[PDB]
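The chain below stands alone and is given in structure tokens; this is the form deposited in one PDB entry.
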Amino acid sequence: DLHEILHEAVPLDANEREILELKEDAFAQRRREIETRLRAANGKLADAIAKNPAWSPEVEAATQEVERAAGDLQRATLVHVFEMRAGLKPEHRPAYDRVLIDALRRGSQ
């Protein structure tokens, strides 16, 4: 999806890449953190259903963790897209904007 689309279509120049390296790594770490909650939650679901295959309080709670984590990933990705944009050379923002707006437009049709 959208992070990967931008990184591929619109690659950073050598200075942008050095400059954005800490932010790219912090995003990676954030993404891994959210994904680790979503997997833990899959674990809690396997565990619960092994004990009682039913829509139990454990399964309700775990589902709510999966919900949160899914939404959090989308917010964290969107804020990162803007963060990246800000570190680009002003001359590079138009292509990046096009690629972004097109990706969102695609996602609307």
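Each residue number is its position in the shown sequence, starting from 1.
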Please compare 10-18 with 87-95 and say which has the higher mean C-alpha temperature factor in the record. 10-18
Taking the recorded C-alpha temperature factors, which stretch has the higher mean, 49-57 or 27-35? 27-35
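Form deposited in another entry: not shown, discussed below.
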Of the two rigid parts between the shown form and the other one, do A48 and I101 both belong to the same one? no
